[PDB]
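Chemist: Fold the following for me, if possible:
(one chain, ligands or ions: 1)
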Amino acid sequence: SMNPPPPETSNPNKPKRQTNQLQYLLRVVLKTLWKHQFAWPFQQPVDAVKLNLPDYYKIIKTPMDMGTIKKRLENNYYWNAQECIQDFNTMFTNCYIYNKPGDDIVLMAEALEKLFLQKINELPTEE
Ligand SMILES: C[C@H]1C(=O)N(C)C=Cc2cc(OCCOc3ccc4c(c3)C=CN(C)C(=O)[C@@H]4C)ccc21
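Modeler: Residues are numbered from 1 along each chain as shown. Provided below are the atomic coordinates:
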């Protein structure tokens, strides 16, 4: 009945690189989903204490959110765009694992997921 610590977002021992796929992911992909009307429940880790969700982290063992993804992006944590995408894909799937199909938070996730997929359907070819 406590929050876990957040996922790792910095590690200086990890190699850094700037590519156009990571920049796209931040500048286009994360911007877009961040400012979307449904983004608000996903901009930080599920606060299972504040939200009164003791069982959240009894069911979700691989948590992820768009704030952790920002901190990862901005902190040059990712080497591969697919590491980012998987994180976005964990975010959604966690929502679908925890919540009841068809409620509101799942509907919210499904439209953000459709926005995400579209943008990723034409991520930049590596320059
Ligand atoms: C009709 C309308 C309404 O009546 N009003 C007033 C306006 C908006 C409004 C909002 C609503 O927001 C629902 C959000 O519910 C949840 C459920 C579960 C979780 C979250 C949020 C938070 C984060 N995450 C990622 C989770 O997975 C946890 C477990 C629903 C209805 C309305």
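
Chemist: Just the strands from the protein, written as ranges.
Modeler: Applying DSSP state E to the chain gives no strands.

Chemist: what about the helices in it?
Modeler: Assigned by DSSP state H, the helices in the chain fall at 20-24, 31-35, 48-51, 56-59, 66-74, 81-98, 105-121.

Chemist: Among the ones you listed, which comes closest to the ligand?
Modeler: The ligand sits nearest to helix 105-121 of all the helices of the chain, at 3.7 Å, using Cβ to the nearest ligand atom. The way it works is simple: take the backbone N, C-alpha and C, and place the C-beta from them, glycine included.

Chemist: Could you check the angle that closest one makes with helix 81-98?
Modeler: Angle, helix 105-121 to helix 81-98, by axes from the mean of the first three to the mean of the last three Cα atoms, to 10 degrees: 160 degrees.

Chemist: want to throw the helices of the chain into TSV with mean neighbour count and distance to residue 9?
Modeler: Formatted as TSV, the helices of the chain follow (neighbours: other Cβ atoms under 10 Å; distance: least, Cβ to Cβ, whole Å):
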stretch	mean neighbour count	distance to residue 9
helix 20-24	17	15
helix 31-35	14	16
helix 48-51	13	19
helix 56-59	14	18
helix 66-74	19	4
helix 81-98	18	11
helix 105-121	16	20
